(Lines of atoms letter the chains of each structure in order from A and count residues from 1; the text may use other names and numbers.)
(Lines give C-alpha, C1' and ligand atoms only; values in the text may rest on other atoms or scores of the structure.)
Protein backbone atom coordinates (compact mmCIF):
# COMPACT_ATOMS: atom_id res chain seq x y z
CA UNK A 1 0.00 0.00 0.00
CA UNK A 2 1.28 3.35 -0.94
CA UNK A 3 -0.05 5.38 1.83
CA UNK A 4 1.57 8.69 1.25
CA UNK A 5 -0.66 10.37 3.65
CA UNK A 6 -1.66 13.95 4.30
CA UNK A 7 0.78 13.84 7.18
CA UNK A 8 3.52 13.64 4.57
CA UNK A 9 1.99 16.63 2.92
CA UNK A 10 2.62 18.24 6.29
CA UNK A 11 6.25 16.94 6.08
CA UNK A 12 6.57 18.42 2.61
CA UNK A 13 4.95 21.70 3.60
CA UNK A 14 6.89 22.00 6.91
CA UNK A 15 10.07 21.91 4.89
CA UNK A 16 8.99 25.18 3.17
CA UNK A 17 9.97 26.77 6.47
CA UNK A 18 13.11 28.87 6.03
CA UNK A 19 16.04 26.49 5.98
CA UNK A 20 18.14 28.78 8.14
CA UNK A 21 16.13 27.59 11.10
CA UNK A 22 17.72 24.17 11.19
CA UNK A 23 16.67 23.88 14.85
CA UNK A 24 13.23 23.35 13.34
CA UNK A 25 14.65 20.39 11.38
CA UNK A 26 15.82 18.72 14.54
CA UNK A 27 12.65 19.72 16.39
CA UNK A 28 10.37 18.24 13.78
CA UNK A 29 12.63 15.23 13.44
CA UNK A 30 12.41 14.26 17.12
CA UNK A 31 8.78 15.35 17.69
CA UNK A 32 7.64 13.03 15.01
CA UNK A 33 7.72 9.22 14.85
CA UNK A 34 11.23 8.29 13.99
CA UNK A 35 10.13 4.64 14.21
CA UNK A 36 7.13 4.23 11.88
CA UNK A 37 6.70 7.65 10.33
CA UNK A 38 10.17 7.62 8.80
CA UNK A 39 9.48 8.19 5.12
CA UNK A 40 12.06 7.81 2.30
CA UNK A 41 11.42 11.53 1.81
CA UNK A 42 12.16 12.05 5.49
CA UNK A 43 15.25 9.78 5.16
CA UNK A 44 16.68 11.88 2.40
CA UNK A 45 15.85 15.15 4.09
CA UNK A 46 17.21 14.02 7.48
CA UNK A 47 20.34 12.55 5.92
CA UNK A 48 21.39 15.57 3.77
CA UNK A 49 20.42 18.07 6.40
CA UNK A 50 22.31 16.16 9.07
CA UNK A 51 25.37 16.03 6.79
CA UNK A 52 25.54 19.81 6.79
CA UNK A 53 24.52 19.86 10.47
CA UNK A 54 27.77 18.07 11.10
CA UNK A 55 29.89 20.91 9.64
CA UNK A 56 28.12 24.11 8.40
CA UNK A 57 24.49 23.90 8.35
CA UNK A 58 22.30 25.66 5.87
CA UNK A 59 20.43 23.61 3.36
CA UNK A 60 19.63 25.14 0.01
CA UNK A 61 17.68 24.81 -3.19
CA UNK A 62 20.97 24.08 -4.89
CA UNK A 63 21.26 20.82 -2.96
CA UNK A 64 17.87 19.55 -4.10
CA UNK A 65 18.78 20.85 -7.58
CA UNK A 66 21.88 18.61 -7.57
CA UNK A 67 19.36 15.92 -6.91
CA UNK A 68 17.48 16.71 -10.25
CA UNK A 69 18.39 13.36 -11.73
CA UNK A 70 17.70 11.41 -8.64
CA UNK A 71 15.15 11.63 -5.70
CA UNK A 72 12.65 13.80 -7.64
CA UNK A 73 10.48 14.12 -4.56
CA UNK A 74 13.27 16.78 -4.34
CA UNK A 75 11.46 18.46 -7.22
CA UNK A 76 8.35 18.31 -5.19
CA UNK A 77 10.39 19.91 -2.36
CA UNK A 78 11.67 22.58 -4.81
CA UNK A 79 8.04 23.02 -5.85
CA UNK A 80 7.27 23.73 -2.15
CA UNK A 81 10.05 26.30 -2.16
CA UNK A 82 8.50 27.76 -5.32
CA UNK A 83 5.32 28.01 -3.34
CA UNK A 84 5.41 31.09 -1.25
CA UNK A 85 4.94 31.74 2.40
CA UNK A 86 4.05 35.19 1.14
CA UNK A 87 0.55 34.24 0.05
CA UNK A 88 0.31 31.98 3.05
CA UNK A 89 -0.14 33.02 6.69
CA UNK A 90 2.54 31.35 8.83
CA UNK A 91 -0.17 29.61 10.64
CA UNK A 92 -0.24 27.38 7.61
CA UNK A 93 3.00 26.09 8.94
CA UNK A 94 2.81 25.05 12.64
CA UNK A 95 -1.03 25.22 13.07
CA UNK A 96 -1.94 23.20 10.01
CA UNK A 97 1.11 20.92 10.43
CA UNK A 98 0.13 19.97 13.96
CA UNK A 99 -3.54 19.82 13.00
CA UNK A 100 -2.88 17.47 10.08
CA UNK A 101 -0.67 15.09 11.92
CA UNK A 102 -2.57 15.15 15.18
CA UNK A 103 -5.95 14.85 13.44
CA UNK A 104 -4.75 11.34 12.72
CA UNK A 105 -5.95 10.20 16.09
CA UNK A 106 -9.43 9.85 17.47
CA UNK A 107 -10.09 13.47 16.75
CA UNK A 108 -13.46 13.99 15.22
CA UNK A 109 -14.90 17.30 13.73
CA UNK A 110 -15.29 18.89 17.06
CA UNK A 111 -12.14 17.49 18.59
CA UNK A 112 -10.48 19.54 15.92
CA UNK A 113 -11.82 22.47 18.04
CA UNK A 114 -9.70 21.33 20.98
CA UNK A 115 -6.49 21.23 19.05
CA UNK A 116 -7.17 24.45 17.07
CA UNK A 117 -7.78 26.36 20.32
CA UNK A 118 -4.87 24.58 21.99
CA UNK A 119 -2.34 25.39 19.22
CA UNK A 120 -3.41 29.06 19.15
CA UNK A 121 -3.28 29.17 23.03
CA UNK A 122 0.42 30.31 22.72
CA UNK A 123 -0.73 33.95 22.60
CA UNK A 124 -3.05 34.33 19.65
CA UNK A 125 -6.08 36.70 19.01
CA UNK A 126 -7.78 34.35 21.66
CA UNK A 127 -10.47 36.93 22.33
CA UNK A 128 -11.69 36.01 18.83
CA UNK A 129 -10.71 32.50 19.58
CA UNK A 130 -12.53 32.58 22.93
CA UNK A 131 -15.62 32.74 20.73
CA UNK A 132 -14.05 29.86 18.75
CA UNK A 133 -13.60 28.25 22.13
CA UNK A 134 -17.40 28.41 22.50
CA UNK A 135 -17.39 26.18 19.43
CA UNK A 136 -14.66 24.22 21.37
CA UNK A 137 -17.13 24.15 24.23
CA UNK A 138 -19.40 22.03 22.03
CA UNK A 139 -16.37 19.76 21.49
CA UNK A 140 -15.78 19.20 25.11
CA UNK A 141 -19.56 18.91 25.54
CA UNK A 142 -19.46 15.85 23.15
CA UNK A 143 -19.01 13.81 26.29
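In the numbering used here, the protein residues as written are 17 to 159. We put the CB at the ideal spot given by N, CA and C, even for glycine.
Query	Result
Considering only the beta carbon of each residue, do residue 113 and residue 30 sit closer than 8 Å?	yes
Below 8 Å between beta carbons: does that hold for residue 22 and residue 116?	yes
By how many angstroms is the C-alpha of residue 126 removed from the C-alpha of residue 155?	5 Å
Residue 102: which of 28, 32, 38 sits nearest, CA to CA?	32
Thinking just about the alpha-carbon of each residue, which of 56, 25, 139 is nearest to the one in residue 8?	No answer is possible for residue 8: it lies beyond the span of the chain, which begins at 17 and ends at 159.
Is residue 119 closer than 8 Å to residue 128 when the C-beta atoms are compared?	yes
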